[PDB]
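S.K.: Following this message is one structure expressed as C-alpha cells.
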Amino acid sequence: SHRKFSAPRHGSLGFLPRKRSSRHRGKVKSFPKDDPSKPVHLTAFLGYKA
Amino acid sequence: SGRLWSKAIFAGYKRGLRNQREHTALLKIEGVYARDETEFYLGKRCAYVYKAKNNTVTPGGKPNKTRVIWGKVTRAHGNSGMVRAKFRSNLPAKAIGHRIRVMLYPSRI
Amino acid sequence: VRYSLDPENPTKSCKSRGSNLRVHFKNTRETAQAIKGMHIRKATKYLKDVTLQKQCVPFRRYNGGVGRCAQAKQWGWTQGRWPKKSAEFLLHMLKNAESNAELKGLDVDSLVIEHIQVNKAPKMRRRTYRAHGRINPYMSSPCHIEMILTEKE
Amino acid sequence: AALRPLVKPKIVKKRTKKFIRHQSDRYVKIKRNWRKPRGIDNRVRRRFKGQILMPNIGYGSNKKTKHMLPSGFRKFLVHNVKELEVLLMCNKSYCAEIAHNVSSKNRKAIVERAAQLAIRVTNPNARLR
Amino acid sequence: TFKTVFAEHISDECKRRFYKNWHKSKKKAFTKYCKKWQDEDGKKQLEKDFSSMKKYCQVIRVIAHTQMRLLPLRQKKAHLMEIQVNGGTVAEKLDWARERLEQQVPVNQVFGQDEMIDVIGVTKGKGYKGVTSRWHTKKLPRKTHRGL
Amino acid sequence: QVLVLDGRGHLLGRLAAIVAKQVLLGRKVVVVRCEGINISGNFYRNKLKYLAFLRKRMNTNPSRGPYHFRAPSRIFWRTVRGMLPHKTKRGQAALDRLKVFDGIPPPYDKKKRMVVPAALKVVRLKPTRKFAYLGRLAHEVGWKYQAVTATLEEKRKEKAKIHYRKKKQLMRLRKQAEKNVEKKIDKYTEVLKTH
RNA sequence: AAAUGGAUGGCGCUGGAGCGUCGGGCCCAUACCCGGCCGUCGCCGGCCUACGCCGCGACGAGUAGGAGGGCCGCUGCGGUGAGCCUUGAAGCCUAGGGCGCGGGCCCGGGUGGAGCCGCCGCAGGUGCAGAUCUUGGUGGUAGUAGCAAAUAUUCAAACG
RNA sequence: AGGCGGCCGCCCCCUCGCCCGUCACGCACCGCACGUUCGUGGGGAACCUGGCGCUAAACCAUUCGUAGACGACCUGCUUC
Ligand SMILES: [Mg+2]
Ligand SMILES: [Mg+2]
Ligand SMILES: [Mg+2]
Ligand SMILES: [Mg+2]
Ligand SMILES: [Mg+2]
Ligand SMILES: [Mg+2]
Ligand SMILES: [Mg+2]
Ligand SMILES: [Mg+2]
Ligand SMILES: [Mg+2]
Ligand SMILES: [Mg+2]
Ligand SMILES: [Mg+2]
Ligand SMILES: [Mg+2]
Ligand SMILES: [Mg+2]
Ligand SMILES: [Mg+2]
Ligand SMILES: [Mg+2]
Ligand SMILES: [Mg+2]
Ligand SMILES: [Mg+2]
Ligand SMILES: [Mg+2]
Ligand SMILES: [Mg+2]
Ligand SMILES: [Mg+2]
Ligand SMILES: [Mg+2]
Ligand SMILES: [Mg+2]
C-alpha cells in the first residue's frame with residue numbers, strides 16, 4: 001500500500017446508477033416551493049434544441 | 001348452542017435450547033396466567049381441529065372435511081401458567097401459533 | 001414398433017417417425033416444444049414463417065449463450081433462434097403424418113399434434129486437429145423423432 | 001375371519017425405518033444397504049446429533065413378537081405337498097408361503113391342500129387364470 | 001394523486017400520445033369521457049369533483065402538451081407535462097386552471113428575458129463505450145499486453 | 001383478534017418484547033402512533049448510535065446488503081425483525097401478521113387503542129432520567145414527514161374532541177335517565193349481586 | 001489511537017434486561033430413580049433340538065488392534081429334497097405386502113425364454129466408495145469458444 | 001389506507017320485536033368425539049333464465065434515428 005502519489009478520483013459517485021432512462025422526456029424531480037404571496041404562474045415548459 | 005371449550009394456543013414442543021421432544025406439547029391457555037391458576041385444568045382433554053379434502057369423520061350426522069388429533073392435559077408448566085399435553089398422535093408442527101380446543105370433561109367439577 | 005403416450009384410440013389418430021437424421025438435437029427439441037399443442041395448418045404456417053425468419057422458435061431449456069430477438073415476445077420469452085434445417089425436417093415429417101392420416105382415412109382438416117417426442121440417436125464421430133498434435137472428437141448429435149396426432153372434437 | 005390364530009399381542013418393532021446408509025442420497029453408486037463406516041472423521045461413527053442413527057443391539061424386537069407377520073402367524077415357505085403337510089401340527093401359529101418358481105398347475109393343488117388342512121397361505125389368489 | 005380531471009376537446013396529437021400504433025388503433029379514446037362532458041347529469045358529477053379538489057389538495061399540477069403541427073419534426077406526438085402551479089390559494093389556482101382549460105400558454109406569458117431558468121433533459125447516446133471514454137481514466141502505455 | 005396498541009409513552013425494547021411475544025401466538029397486533037415511542041438515555045447518544053447504525057454498510061455495494069430505514073414505524077418493524085426468527089417461516093409469518101403505522105390510519109381513528117402498562121415510560125423509568133422521542137430522532141435523521149403527520153394528528157385530535165363532546169353529552173343524558181325513577185326493582189337484585 | 005461495515009450472540013435495555021449480596025419457584029442431558037424390550041457376563045434349574053428349554057441379578061461408549069457368532073452373501077464339489085418348473089428357471093424393473101437390529105431375504109405385479117435352489121459337509125481367483133485406480137460409456141461446460149495469415153467477387157442461362 | 005352510520009316523508013305489515021307467572025307440545029335418536037360461528041368463507045372452469053350495456057388494445061412485420069453488440073428506446077402509415 002501507501003500509494004505514494006495520491007490522485008483525485010475519476011468520475012462521481014453521485015451519478016453512478018447509469019441507465020437508459022425509461023422516460024425519454026426529461027421529467028421534473030422537484031418543482032420550486034409555493035407561497036400565497038406570489039401571483040399565479042407556471043414553472044416548466046417544453047422545448048426542442050434547434 | 002354456544003361454545004363449550006376453553007381457548008388455548010399451541011406454543012411449541014417440550015424442548016431445551018437445541019433439541020426438541022415432540023411427545024409433549026406446550027399450550028398457552030387463555031385466562032390462566034399463574035401457577036396457582038393452572039390447577040383446575042389438570043386432567044382436561046384437548047382437541048386440534050384441522051381440515052383435509054378427504055372424508056374421515058365422526059358419526060355426528062353428516063360427513064364433512066374435519067379431522068381431529070385427540071389428546072389430553074398432562075401437567076402444568078412454568079410460573080406463567082402453561083399447560084403440557086401429550087396427544088395420541090404427535091403434532092404436525094403447522095399448528096404453531098394456532099388454536100387447540102380444551103373441552104371441560106373429565107375434570108373434577 | 002411402440003410409441004410413448006399411446007393415444008385414446010388408434011381410429012382417430014395417425015403416427016409418424018424419423019430415425020437417424022442429421023440435425024442438432026437441441027434445436028429439434030426446442031422446435032418440437034414450439035410445435036406441440038397446435039393445429040396442423042397453424043404448425044405448417046409457423047414452420048414456413050420459421051424458414052422465412054418471420055416468426056421465431058424460443059429456446060427455453062437449451063438456452064445457453066443464445067442471442068435475443070424481438071420475435072420471442074409472442075411466447076413470453078426473451079431468447080430465440082430460427083432453425084432452418086430443423087424446420088425443414090419437421091415439416092417433412094408433418095407432411096408424412098398428413099399422408100399417413102390420408103391413408104388411414106381421417107378428417108384431415110382437423111388434426112392437432114397431441115404427442116411429440118425427440119431423443120438422442122447414435123452419433124457419428126470425426127476428429128479435429130487442435131494444438132500440440134492432439135486429437136479431439138468432433139461428434140454429431142442426430143435424433144429420433146416420433147409424433148402422434150389426434151383429431152379435434 | 002379366515003383362521004383366527006392364537007393370542008398375539010400388540011407387535012412393536014421399536015423403530016420401523018430399516019436404516020439408510022450414509023451418503024447414499026448423494027451417490028447413486030451406493031446401494032441403500034447398511035454398511036458400518038470406519039472412517040476417522042465421520043460424523044456417523046462419531047454419533048453426532050442430527051445425523052443418521054447406526055443400527056445396534058438396542059433395536060432388537062421382543063422374542064414373543066419376533067419374525068411376526070401383522071396377521072399373527074410366522075411364515076414358512078413351501079414348494080410341494082410334503083412341505084405343505086409338514087405344517088399339519090402347527091397350523092395355528094405357522095403359515096405357508098408358496099415359492100415363486102411354483103407353477104399354477106401345482107400351485108392350485110397346494111392351495112387346495114392348504115384349504116383342506118386349514119393352513120394359512122400368504123398368497124392364496126396369485127398367479128391364477 | 002387525488003383524481004385527474006381532463007378537458008373536453010382532447011387533440012389528435014394527445015390521442016397519438018395515448019396510443020402506440022395509431023394506424024392499428026380505431027381512434028376510440030375518451031368517447032365516454034366526452035359523453036360525460038355532454039350529459040347534463042354528468043356535469044354535476046364533474047363539478048363536484050372540483051369541490052373536493054378545493055378542499056383536500058395543496059399541490060395542483062396542470063397537464064399541458066405541445067402542438068406538433070407547428071414544428072418541422074416528424075414525431076407528431078404531443079408530450080404531456082404536469083406543471084405545478086406555485087401561485088396563491090388552492091381555490092384561485094383551481095379557478096385559474098378551469099378558466100384556462102383548452103387554451104395556449106406562450107413563453108412570453110410566464111417566462112421573461114434575463115430570467116435564470118434551468119434546463120432538464122436527456123444526454124446524447126454514445127453507445128456501449130469503454131472505460132477511458134466513459135470515466136476518462138488514464139490509458140495504459142504501449143508495452144501493455146491485453147489492453148491499453 | 002386485532003390488538004391496536006398506543007405508542008404514546010411506551011418504550012422501544014419493552015414494547016418490542018411484548019409485541020414479538022404476542023405475535024408468535026397468532027394475535028394480530030398493530031402498533032399505532034409509532035412516532036411517540038420513547039427511548040431511554042440521552043438524545044445525543046440515541047442519534048449517535050443511530051449514526052453508527054447508518055455507518056454500518058456494505059462497501060462493495062450498499063444496495064445489495066444493509067438497508068437503513070428512517071421512518072419510525074419501519075424502525076420499530078426492524079426492532080421486531082431483530083427479535084423474531086425472520087429467516088424461518090415462523091417469524092416470517094409473524095412479521096406478515098405484524099402491521100405498523102406512523103400517525104393513525106382512518107380505521108384506527110375509529111377503533112379503540114390499547115395501552116400496555118408494562119412498557120410505559122412512567123412505569124419502567126425513573127422520572128429524573130433522560131429520554132428521547134423516536135419521531136424526533138426520525139425527523140432529525142432522514143424521515144422528512146413530521147410536518148404532515150403532526151398536521152393530520154392535530155386534525156384527528158380535533159375529530160376526537162368533537163366526538164368526545166357528543167359522547168359525554170350522551171353519557172350525561174343516560175345518567176339523567178339513571179337518576180330518574182322506576183328502575184330500582186332490578187337494582188334490588190343487582191346491588192346485592194354486584195352492581 | 002488503525003486501517004472493508006460489526007458485534008455482552010443480535011435485538012435492545014436505565015423503578016434494570018447493569019452492578020454486588022441473597023430468598024422462593026420454574027426449564028432440561030444419552031446424568032439419577034422406576035418400568036417395558038434386545039444382547040453379554042455370572043450364578044443356577046429340568047432325564048426337553050441337551051449345540052434346546054427356562055429363572056434371577058448386574059451391566060452395554062470407543063480409533064489402532066484381538067477374538068466369538070452369522071438360518072448374511074458369491075462361485076464350484078460330494079451326499080441329500082420321489083425339490084422347482086416352457087401352465088415359464090436364471091436375469092432386470094417396481095408409488096406392492098412383509099421379515100430380521102443389521103449383513104440381506106421371501107412373496108405379488110411387468111419383460112425374458114432354459115436352466116436354478118434349500119440343508120449338511122468341502123475348496124476358493126469369494127463382497128468395493130475412493131488408490132492423479134485399469135477398461136468402456138455418458139453429463140455440466142454447450143449449441144459456448146471457434147470455422148479471421150495471403151485485396152473479391154457480381155449478373156444471366158443450363159443439367160438437376 | 002374511506003362504505004358503514006344519522007335525519008326527514010311514505011311503504012307489505014307487526015301492538016307475543018324484551019323481562020314475571022299458567023298450559024301443552026315439537027326425535028325423548030335410549031352414556032359418549034369433529035356440535036353450534038362474522039359463510040348468501042377466498043379465488044379458478046362451465047350450466048339455464050331477467051334487465052341495463054360494451055363493440056378494443058398490445059406484440060410481431062415494415063419504417064425511422066433523437067437509439068442501438070443482440071434485445072431494448074423515440075417515431076410514420078388517410079387517400080387529402
Ligand atoms: Mg421526488
Ligand atoms: Mg450462464
Ligand atoms: Mg451469447
Ligand atoms: Mg485446428
Ligand atoms: Mg479424529
Ligand atoms: Mg451512435
Ligand atoms: Mg509483452
Ligand atoms: Mg453493541
Ligand atoms: Mg441482579
Ligand atoms: Mg462396545
Ligand atoms: Mg441362501
Ligand atoms: Mg480377488
Ligand atoms: Mg475359481
Ligand atoms: Mg465402482
Ligand atoms: Mg474405503
Ligand atoms: Mg482417476
Ligand atoms: Mg464430455
Ligand atoms: Mg458463436
Ligand atoms: Mg462469445
Ligand atoms: Mg485458415
Ligand atoms: Mg431456371
Ligand atoms: Mg429443372
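Following the order of the C-alpha cells, chains are lettered A, B, ..., residues in each are numbered from 1, and ligands are numbered from 1.
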Give me, as a ChimeraX atom specification, the residues of chain A touching chain H, with the criterion being at most 9 Å (counting only C-alpha atoms (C1' of nucleotides)).

M.R.: /A:20-24

S.K.: Taking the DSSP assignment computed from this structure's backbone, write out as JSON, numbers by chain all residues of range 9-127 of chain D that belong to alpha helix (DSSP H).

M.R.: {"D": [43, 44, 45, 46, 81, 82, 83, 84, 85, 104, 105, 106, 107, 108, 109, 110, 111, 112, 113, 114, 115, 116, 117]}

S.K.: Please measure the separation of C1' of residue 119 in chain G and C1' of residue 71 in chain G, giving the value in Å to one decimal.

M.R.: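 Rounded to one decimal, the two atoms are 10.3 Å apart.
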
S.K.: Write out as JSON, numbers by chain all residues of chain C that backbone DSSP assigns to strand (DSSP E).

M.R.: {"C": [13, 14, 15, 16, 17, 18, 19, 20, 21, 111, 112, 113, 114, 115, 116, 117, 118, 119, 120, 125, 126, 127, 137, 138, 139, 143, 144, 145, 146, 147, 148, 149, 150, 151]}

S.K.: Could the residues in this selection be saved with N, CA, C and O atoms as a tab-separated table (two decimals), in the first residue's frame?

M.R.:
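File selection.tsv, as written:
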chain	number	residue	atom	x	y	z
C	13	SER	N	-56.48	-41.43	-34.83
C	13	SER	CA	-55.11	-41.00	-34.60
C	13	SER	C	-54.19	-41.58	-35.66
C	13	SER	O	-54.31	-42.75	-36.03
C	14	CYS	N	-53.26	-40.75	-36.13
C	14	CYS	CA	-52.19	-41.18	-37.02
C	14	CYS	C	-50.86	-41.01	-36.29
C	14	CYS	O	-50.80	-40.48	-35.18
C	15	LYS	N	-49.79	-41.47	-36.94
C	15	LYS	CA	-48.49	-41.52	-36.29
C	15	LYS	C	-47.38	-41.41	-37.33
C	15	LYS	O	-47.55	-41.81	-38.49
C	16	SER	N	-46.25	-40.86	-36.91
C	16	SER	CA	-45.11	-40.70	-37.81
C	16	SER	C	-43.82	-40.75	-37.01
C	16	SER	O	-43.80	-40.52	-35.80
C	17	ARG	N	-42.73	-41.04	-37.72
C	17	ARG	CA	-41.43	-41.22	-37.08
C	17	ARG	C	-40.33	-40.88	-38.08
C	17	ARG	O	-40.47	-41.12	-39.28
C	18	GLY	N	-39.25	-40.30	-37.58
C	18	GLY	CA	-37.99	-40.23	-38.30
C	18	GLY	C	-36.89	-40.81	-37.44
C	18	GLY	O	-36.91	-40.66	-36.21
C	19	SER	N	-35.93	-41.47	-38.07
C	19	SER	CA	-34.87	-42.18	-37.35
C	19	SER	C	-33.52	-41.89	-37.99
C	19	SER	O	-33.37	-42.00	-39.21
C	20	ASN	N	-32.55	-41.52	-37.14
C	20	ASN	CA	-31.14	-41.32	-37.50
C	20	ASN	C	-30.98	-40.25	-38.59
C	20	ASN	O	-30.52	-40.51	-39.70
C	21	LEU	N	-31.37	-39.03	-38.24
C	21	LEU	CA	-31.38	-37.91	-39.18
C	21	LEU	C	-30.49	-36.79	-38.66
C	21	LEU	O	-30.59	-36.39	-37.50
C	111	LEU	N	-56.81	-31.96	-37.58
C	111	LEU	CA	-55.84	-32.69	-36.77
C	111	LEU	C	-55.03	-31.74	-35.91
C	111	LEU	O	-54.58	-30.69	-36.38
C	112	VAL	N	-54.84	-32.12	-34.65
C	112	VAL	CA	-53.92	-31.43	-33.75
C	112	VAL	C	-52.82	-32.42	-33.39
C	112	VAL	O	-52.96	-33.63	-33.51
C	113	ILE	N	-51.69	-31.87	-32.94
C	113	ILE	CA	-50.50	-32.65	-32.65
C	113	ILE	C	-50.48	-32.88	-31.14
C	113	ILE	O	-50.02	-32.03	-30.37
C	114	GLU	N	-51.00	-34.03	-30.72
C	114	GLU	CA	-51.15	-34.31	-29.30
C	114	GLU	C	-49.83	-34.68	-28.65
C	114	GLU	O	-49.50	-34.19	-27.56
C	115	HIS	N	-49.05	-35.54	-29.30
C	115	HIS	CA	-47.80	-36.02	-28.74
C	115	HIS	C	-46.66	-35.80	-29.72
C	115	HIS	O	-46.80	-36.10	-30.91
C	116	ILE	N	-45.54	-35.29	-29.22
C	116	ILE	CA	-44.30	-35.25	-29.99
C	116	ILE	C	-43.18	-35.64	-29.03
C	116	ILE	O	-43.27	-35.43	-27.82
C	117	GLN	N	-42.14	-36.27	-29.57
C	117	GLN	CA	-41.06	-36.78	-28.76
C	117	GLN	C	-39.79	-36.78	-29.59
C	117	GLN	O	-39.82	-37.11	-30.78
C	118	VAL	N	-38.68	-36.40	-28.96
C	118	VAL	CA	-37.39	-36.32	-29.63
C	118	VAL	C	-36.32	-36.81	-28.66
C	118	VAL	O	-36.28	-36.39	-27.50
C	119	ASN	N	-35.49	-37.75	-29.11
C	119	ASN	CA	-34.46	-38.32	-28.25
C	119	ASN	C	-33.21	-38.61	-29.05
C	119	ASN	O	-33.24	-38.68	-30.28
C	120	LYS	N	-32.09	-38.78	-28.35
C	120	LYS	CA	-30.78	-38.77	-28.99
C	120	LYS	C	-30.49	-40.11	-29.66
C	120	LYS	O	-30.61	-41.17	-29.04
C	125	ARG	N	-18.71	-40.01	-35.15
C	125	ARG	CA	-17.53	-39.30	-34.67
C	125	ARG	C	-16.57	-39.02	-35.82
C	125	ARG	O	-16.25	-39.92	-36.60
C	126	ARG	N	-16.11	-37.78	-35.91
C	126	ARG	CA	-14.96	-37.37	-36.70
C	126	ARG	C	-13.92	-36.82	-35.73
C	126	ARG	O	-14.08	-36.89	-34.52
C	127	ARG	N	-12.85	-36.24	-36.27
C	127	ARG	CA	-11.80	-35.72	-35.41
C	127	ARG	C	-11.41	-34.31	-35.82
C	127	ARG	O	-11.46	-33.95	-37.00
C	137	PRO	N	-12.43	-35.26	-30.26
C	137	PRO	CA	-13.58	-35.74	-31.03
C	137	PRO	C	-14.42	-34.60	-31.58
C	137	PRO	O	-14.49	-33.51	-31.01
C	138	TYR	N	-15.06	-34.87	-32.72
C	138	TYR	CA	-15.92	-33.94	-33.43
C	138	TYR	C	-17.17	-34.76	-33.73
C	138	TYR	O	-17.27	-35.39	-34.78
C	139	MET	N	-18.09	-34.80	-32.78
C	139	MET	CA	-19.17	-35.77	-32.79
C	139	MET	C	-20.48	-35.11	-33.16
C	139	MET	O	-20.73	-33.95	-32.82
C	143	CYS	N	-31.09	-37.35	-33.99
C	143	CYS	CA	-32.19	-37.64	-33.07
C	143	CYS	C	-33.25	-38.47	-33.76
C	143	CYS	O	-33.47	-38.37	-34.97
C	144	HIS	N	-33.90	-39.32	-32.97
C	144	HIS	CA	-35.12	-39.99	-33.36
C	144	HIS	C	-36.30	-39.11	-32.97
C	144	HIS	O	-36.33	-38.56	-31.86
C	145	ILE	N	-37.26	-38.97	-33.88
C	145	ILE	CA	-38.42	-38.12	-33.70
C	145	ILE	C	-39.67	-38.97	-33.87
C	145	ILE	O	-39.78	-39.72	-34.84
C	146	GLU	N	-40.60	-38.87	-32.93
C	146	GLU	CA	-41.87	-39.56	-33.01
C	146	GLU	C	-42.99	-38.55	-32.82
C	146	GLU	O	-42.84	-37.59	-32.05
C	147	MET	N	-44.11	-38.74	-33.52
C	147	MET	CA	-45.25	-37.87	-33.31
C	147	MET	C	-46.55	-38.65	-33.45
C	147	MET	O	-46.68	-39.52	-34.32
C	148	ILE	N	-47.48	-38.34	-32.56
C	148	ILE	CA	-48.81	-38.93	-32.51
C	148	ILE	C	-49.81	-37.79	-32.64
C	148	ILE	O	-49.87	-36.92	-31.76
C	149	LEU	N	-50.58	-37.78	-33.72
C	149	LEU	CA	-51.56	-36.74	-33.96
C	149	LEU	C	-52.96	-37.25	-33.64
C	149	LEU	O	-53.20	-38.46	-33.57
C	150	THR	N	-53.88	-36.32	-33.44
C	150	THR	CA	-55.22	-36.64	-32.96
C	150	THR	C	-56.21	-35.68	-33.60
C	150	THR	O	-55.90	-34.50	-33.78
C	151	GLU	N	-57.38	-36.19	-33.99
C	151	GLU	CA	-58.46	-35.33	-34.44
C	151	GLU	C	-58.96	-34.44	-33.31
C	151	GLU	O	-58.90	-34.80	-32.13

S.K.: Could you pull the residues within 12 Å of residue 104 in chain D, counting only C-alpha atoms (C1' of nucleotides), minus those fewer than 4 positions along the same chain, as a PyMOL selection string?

M.R.: (chain D and resi 98-100+108-112+124-129) or (chain G and resi 85+87-88)

S.K.: Based on the selection just made, write N, CA, C and O atoms (P, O5', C5', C4', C3', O3' and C1' of nucleotides) of those residues as a PDB file, in the first residue's frame.

M.R.:
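Listing of out_33.pdb after writing:
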ATOM      1  N   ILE D  98     -46.110 -70.045  -0.645  1.00  0.00           N
ATOM      2  CA  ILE D  98     -45.724 -70.820  -1.818  1.00  0.00           C
ATOM      3  C   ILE D  98     -44.557 -70.138  -2.520  1.00  0.00           C
ATOM      4  O   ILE D  98     -44.534 -68.909  -2.662  1.00  0.00           O
ATOM      5  N   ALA D  99     -43.567 -70.935  -2.940  1.00  0.00           N
ATOM      6  CA  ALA D  99     -42.379 -70.410  -3.606  1.00  0.00           C
ATOM      7  C   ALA D  99     -42.725 -69.763  -4.947  1.00  0.00           C
ATOM      8  O   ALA D  99     -43.761 -70.044  -5.557  1.00  0.00           O
ATOM      9  N   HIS D 100     -41.828 -68.885  -5.408  1.00  0.00           N
ATOM     10  CA  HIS D 100     -42.095 -68.110  -6.615  1.00  0.00           C
ATOM     11  C   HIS D 100     -41.970 -68.949  -7.877  1.00  0.00           C
ATOM     12  O   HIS D 100     -42.607 -68.635  -8.887  1.00  0.00           O
ATOM     13  N   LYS D 108     -52.343 -74.473  -7.575  1.00  0.00           N
ATOM     14  CA  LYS D 108     -53.741 -74.664  -7.206  1.00  0.00           C
ATOM     15  C   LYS D 108     -53.934 -75.923  -6.365  1.00  0.00           C
ATOM     16  O   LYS D 108     -54.761 -75.927  -5.444  1.00  0.00           O
ATOM     17  N   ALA D 109     -53.134 -76.965  -6.605  1.00  0.00           N
ATOM     18  CA  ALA D 109     -53.213 -78.164  -5.776  1.00  0.00           C
ATOM     19  C   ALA D 109     -52.662 -77.904  -4.379  1.00  0.00           C
ATOM     20  O   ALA D 109     -53.209 -78.407  -3.389  1.00  0.00           O
ATOM     21  N   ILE D 110     -51.596 -77.103  -4.282  1.00  0.00           N
ATOM     22  CA  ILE D 110     -51.029 -76.756  -2.980  1.00  0.00           C
ATOM     23  C   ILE D 110     -52.003 -75.902  -2.172  1.00  0.00           C
ATOM     24  O   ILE D 110     -52.204 -76.141  -0.974  1.00  0.00           O
ATOM     25  N   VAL D 111     -52.662 -74.931  -2.813  1.00  0.00           N
ATOM     26  CA  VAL D 111     -53.587 -74.092  -2.054  1.00  0.00           C
ATOM     27  C   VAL D 111     -54.876 -74.855  -1.733  1.00  0.00           C
ATOM     28  O   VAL D 111     -55.506 -74.603  -0.698  1.00  0.00           O
ATOM     29  N   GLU D 112     -55.244 -75.852  -2.549  1.00  0.00           N
ATOM     30  CA  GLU D 112     -56.388 -76.692  -2.205  1.00  0.00           C
ATOM     31  C   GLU D 112     -56.073 -77.598  -1.019  1.00  0.00           C
ATOM     32  O   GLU D 112     -56.912 -77.779  -0.126  1.00  0.00           O
ATOM     33  N   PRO D 124     -52.925 -66.528  -1.536  1.00  0.00           N
ATOM     34  CA  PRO D 124     -53.897 -67.536  -1.979  1.00  0.00           C
ATOM     35  C   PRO D 124     -54.424 -67.295  -3.386  1.00  0.00           C
ATOM     36  O   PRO D 124     -54.745 -68.247  -4.103  1.00  0.00           O
ATOM     37  N   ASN D 125     -54.503 -66.032  -3.802  1.00  0.00           N
ATOM     38  CA  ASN D 125     -55.143 -65.662  -5.057  1.00  0.00           C
ATOM     39  C   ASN D 125     -54.158 -65.035  -6.037  1.00  0.00           C
ATOM     40  O   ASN D 125     -54.455 -64.023  -6.673  1.00  0.00           O
ATOM     41  N   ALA D 126     -52.981 -65.633  -6.165  1.00  0.00           N
ATOM     42  CA  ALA D 126     -51.937 -65.114  -7.029  1.00  0.00           C
ATOM     43  C   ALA D 126     -51.521 -66.162  -8.051  1.00  0.00           C
ATOM     44  O   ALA D 126     -51.539 -67.365  -7.772  1.00  0.00           O
ATOM     45  N   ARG D 127     -51.142 -65.667  -9.238  1.00  0.00           N
ATOM     46  CA  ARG D 127     -50.741 -66.473 -10.399  1.00  0.00           C
ATOM     47  C   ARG D 127     -51.836 -67.460 -10.801  1.00  0.00           C
ATOM     48  O   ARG D 127     -51.585 -68.643 -11.035  1.00  0.00           O
ATOM     49  N   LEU D 128     -53.063 -66.958 -10.881  1.00  0.00           N
ATOM     50  CA  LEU D 128     -54.215 -67.747 -11.280  1.00  0.00           C
ATOM     51  C   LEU D 128     -54.730 -67.279 -12.634  1.00  0.00           C
ATOM     52  O   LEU D 128     -54.438 -66.170 -13.089  1.00  0.00           O
ATOM     53  N   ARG D 129     -55.509 -68.146 -13.274  1.00  0.00           N
ATOM     54  CA  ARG D 129     -56.076 -67.850 -14.584  1.00  0.00           C
ATOM     55  C   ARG D 129     -57.222 -66.850 -14.477  1.00  0.00           C
ATOM     56  O   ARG D 129     -58.334 -67.207 -14.087  1.00  0.00           O
TER      57      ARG D 129
ATOM     58  P     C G  85     -43.423 -77.624 -10.130  1.00  0.00           P
ATOM     59  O5'   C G  85     -44.193 -76.920 -11.331  1.00  0.00           O
ATOM     60  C5'   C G  85     -43.779 -77.117 -12.675  1.00  0.00           C
ATOM     61  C4'   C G  85     -42.867 -76.010 -13.137  1.00  0.00           C
ATOM     62  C3'   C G  85     -42.488 -76.026 -14.609  1.00  0.00           C
ATOM     63  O3'   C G  85     -43.487 -75.499 -15.463  1.00  0.00           O
ATOM     64  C1'   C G  85     -40.551 -75.681 -13.305  1.00  0.00           C
ATOM     65  P     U G  87     -46.190 -74.584 -21.261  1.00  0.00           P
ATOM     66  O5'   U G  87     -46.998 -73.989 -20.027  1.00  0.00           O
ATOM     67  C5'   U G  87     -47.000 -72.590 -19.764  1.00  0.00           C
ATOM     68  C4'   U G  87     -47.919 -72.235 -18.620  1.00  0.00           C
ATOM     69  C3'   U G  87     -47.349 -72.466 -17.222  1.00  0.00           C
ATOM     70  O3'   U G  87     -47.879 -71.481 -16.336  1.00  0.00           O
ATOM     71  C1'   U G  87     -49.296 -73.765 -17.498  1.00  0.00           C
ATOM     72  P     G G  88     -46.908 -70.550 -15.456  1.00  0.00           P
ATOM     73  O5'   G G  88     -45.444 -70.872 -15.990  1.00  0.00           O
ATOM     74  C5'   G G  88     -44.480 -71.484 -15.140  1.00  0.00           C
ATOM     75  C4'   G G  88     -43.069 -71.209 -15.595  1.00  0.00           C
ATOM     76  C3'   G G  88     -42.517 -69.829 -15.237  1.00  0.00           C
ATOM     77  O3'   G G  88     -41.142 -69.934 -14.876  1.00  0.00           O
ATOM     78  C1'   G G  88     -42.396 -70.160 -17.575  1.00  0.00           C
TER      79        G G  88
END

S.K.: Could you list the residues in chain F lying within 10 Å of chain G, using only C-alpha atoms (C1' of nucleotides), and format the result as a PyMOL selection string?

M.R.: chain F and resi 11-14+16-17+39-41+52-60+66+78-84+122-127+129-130

S.K.: Using only C-alpha atoms (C1' of nucleotides), which protein or nucleic acid residues come within 12 Å of residue 70 in chain G? Drop anything in the same chain fewer than 3 positions from it, and give the result as a count of residues only.

M.R.: 4

S.K.: Hey, which residues sit close to ligand 18? Say within 8 Å, counting only C-alpha atoms (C1' of nucleotides) and all ligand atoms, and write them as a ChimeraX atom specification.

M.R.: /G:144-146

S.K.: For residue 34 in chain B, list every protein, DNA or RNA residue within 9 Å, evaluated using only C-alpha atoms (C1' of nucleotides), and leave out those in the same chain fewer than 3 positions away; present the list as an mmCIF file with N, CA, C and O atoms, in the first residue's frame.

M.R.:
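part26.cif, freshly written:
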data_model
loop_
_atom_site.group_PDB
_atom_site.id
_atom_site.type_symbol
_atom_site.label_atom_id
_atom_site.label_comp_id
_atom_site.auth_asym_id
_atom_site.auth_seq_id
_atom_site.Cartn_x
_atom_site.Cartn_y
_atom_site.Cartn_z
ATOM 1 N N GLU B 37 -53.222 -20.807 39.083
ATOM 2 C CA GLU B 37 -54.354 -20.848 38.169
ATOM 3 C C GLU B 37 -54.324 -22.046 37.231
ATOM 4 O O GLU B 37 -55.386 -22.457 36.751
ATOM 5 N N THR B 38 -53.153 -22.621 36.961
ATOM 6 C CA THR B 38 -53.100 -23.844 36.150
ATOM 7 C C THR B 38 -53.227 -25.115 36.997
ATOM 8 O O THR B 38 -52.488 -26.088 36.844
ATOM 9 N N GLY B 78 -44.169 -24.153 34.067
ATOM 10 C CA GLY B 78 -43.715 -22.798 34.287
ATOM 11 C C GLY B 78 -44.565 -22.032 35.283
ATOM 12 O O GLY B 78 -45.629 -22.470 35.724
ATOM 13 N N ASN B 79 -44.067 -20.853 35.649
ATOM 14 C CA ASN B 79 -44.799 -19.954 36.530
ATOM 15 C C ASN B 79 -45.822 -19.109 35.787
ATOM 16 O O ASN B 79 -46.703 -18.526 36.428
ATOM 17 N N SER B 80 -45.732 -19.035 34.462
ATOM 18 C CA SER B 80 -46.665 -18.258 33.659
ATOM 19 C C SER B 80 -47.980 -18.982 33.410
ATOM 20 O O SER B 80 -48.873 -18.408 32.780
ATOM 21 N N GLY B 81 -48.116 -20.219 33.871
ATOM 22 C CA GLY B 81 -49.349 -20.954 33.688
ATOM 23 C C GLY B 81 -49.490 -21.621 32.340
ATOM 24 O O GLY B 81 -50.554 -21.531 31.716
ATOM 25 N N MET B 82 -48.444 -22.285 31.864
ATOM 26 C CA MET B 82 -48.523 -23.005 30.605
ATOM 27 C C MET B 82 -48.880 -24.463 30.897
ATOM 28 O O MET B 82 -48.691 -24.957 32.007
#
